[PDB]
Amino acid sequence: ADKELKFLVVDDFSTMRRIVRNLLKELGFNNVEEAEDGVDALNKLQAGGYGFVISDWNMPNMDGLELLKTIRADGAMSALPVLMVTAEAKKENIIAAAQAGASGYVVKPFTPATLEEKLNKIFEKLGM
């Protein structure tokens, strides 16, 4: 994918955002911003420019499933890639996320290799 692709990294814990930002850097993507919840994330997205969202699920103010659904229903950003990265691993919840339009799903804790594979699967599926 284009290395200038602008990522939004969403999680309510700095440590988790830090992990994903560093990994993205390793993969050659330095155009990365952070958000600490779904509202913060929507505020940044509507400022424009973003080409990929990586999001946690359990967060205050607006959780990640709501964020995903909000993105998917919004005609301005309905096709924005959204990769869920979350400790949530219950079968019904994994299905709920896919059905809400998740581009991919990663369970914490995850390895660098897993994140890289998940991103590339999405890049390819979407021809990026």
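Heads up: residue numbers just count along the shown sequence, starting at 1.
Relative to one another, 101-109 and 116-124 have unequal mean CA B-factors, and 116-124 is the one with the higher figure.
When the modelled residues of the chain are ordered by their C-alpha B factor, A35 lands in the middle third. When all modelled residues of the chain are sorted by CA temperature factor, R72 is found within the middle third.
Per the deposited record, the Cα B-factor of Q46 falls in the highest third when ranked against the other modelled residues of its chain.
Looking at the C-alpha B-factors along this chain, the one for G64 belongs to the lowest third. In this PDB entry, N93 carries a Cα temperature factor that places it within the middle third of its chain's modelled residues.
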